[PDB]
4 protein chains.
Amino acid sequence: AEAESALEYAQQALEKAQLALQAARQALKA
Amino acid sequence: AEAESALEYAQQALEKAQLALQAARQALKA
Amino acid sequence: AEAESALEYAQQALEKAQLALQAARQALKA
Amino acid sequence: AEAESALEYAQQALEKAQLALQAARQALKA
């Protein structure tokens, strides 16, 4: 639903973020 | 380019997260 | 250490963001 | 309020995140 779905996207996006996050981290530990 | 660019992508993800969130607090307000 | 560590901090911030968000979708569910 | 405040913290934290984000970025452009 309205906000439900805004959140669900917030979540989803938030995790792609933490995912890109680790990726850079690691690249940097290399 | 793994660190430099994992970074850029992250920020953008965050961007949409930040926006969805803002929409959320609005639907919320109702 | 500015890049390496700005990174760590970021992830953590994200962490609490991700958690608050999850709580939100729960209060939401109600 | 309940979720209102979870969001407000999500937001706040989310921006500290984007803030730490740029910080690392820049350090890396140095």
# chains A, B, ... in the order shown; residues from 1 in each chain; ligands from 1
$ interface_residues --of "chain B" --to "chain C" --cutoff "10 Å" --atoms "only C-alpha atoms" --output "ChimeraX atom specification"
/B:7,14,21,28
$ write_last_selection --atoms "C-alpha atoms" --output "mmCIF file, in the first residue's frame"
data_model
loop_
_atom_site.group_PDB
_atom_site.id
_atom_site.type_symbol
_atom_site.label_atom_id
_atom_site.label_comp_id
_atom_site.auth_asym_id
_atom_site.auth_seq_id
_atom_site.Cartn_x
_atom_site.Cartn_y
_atom_site.Cartn_z
ATOM 1 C CA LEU B 7 30.895 4.511 -4.139
ATOM 2 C CA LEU B 14 20.837 6.199 -0.997
ATOM 3 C CA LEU B 21 11.454 7.826 2.731
ATOM 4 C CA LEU B 28 2.139 8.978 6.558
#
$ calpha_fit_and_write --fixed "chain D" --moving "chain B" --output "short mmCIF file (atom, residue, chain, number, x, y, z; two decimals) with C-alpha atoms, in the first residue's frame"
data_model
loop_
_atom_site.label_atom_id
_atom_site.label_comp_id
_atom_site.auth_asym_id
_atom_site.auth_seq_id
_atom_site.Cartn_x
_atom_site.Cartn_y
_atom_site.Cartn_z
CA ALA B 1 4.51 7.48 18.00
CA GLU B 2 6.53 4.57 16.64
CA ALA B 3 5.98 4.78 12.89
CA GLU B 4 5.90 8.56 12.50
CA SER B 5 9.08 9.01 14.52
CA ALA B 6 11.02 5.92 13.46
CA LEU B 7 10.74 7.72 10.15
CA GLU B 8 12.33 11.00 11.22
CA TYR B 9 15.24 9.23 12.88
CA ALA B 10 15.80 7.15 9.77
CA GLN B 11 16.14 10.16 7.50
CA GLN B 12 18.71 11.67 9.84
CA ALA B 13 20.75 8.49 10.02
CA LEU B 14 20.65 8.48 6.26
CA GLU B 15 21.81 12.06 6.38
CA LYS B 16 25.03 11.24 8.16
CA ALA B 17 25.46 8.21 5.96
CA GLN B 18 25.09 10.38 2.87
CA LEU B 19 27.64 12.85 4.29
CA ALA B 20 30.26 10.31 5.38
CA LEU B 21 29.91 8.80 1.93
CA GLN B 22 30.55 12.17 0.29
CA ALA B 23 33.61 12.65 2.47
CA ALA B 24 34.67 9.17 1.44
CA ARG B 25 34.53 9.94 -2.28
CA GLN B 26 36.75 12.93 -1.45
CA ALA B 27 39.41 11.19 0.59
CA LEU B 28 39.15 8.67 -2.22
CA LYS B 29 39.79 11.33 -4.90
CA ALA B 30 42.87 12.22 -2.83
#
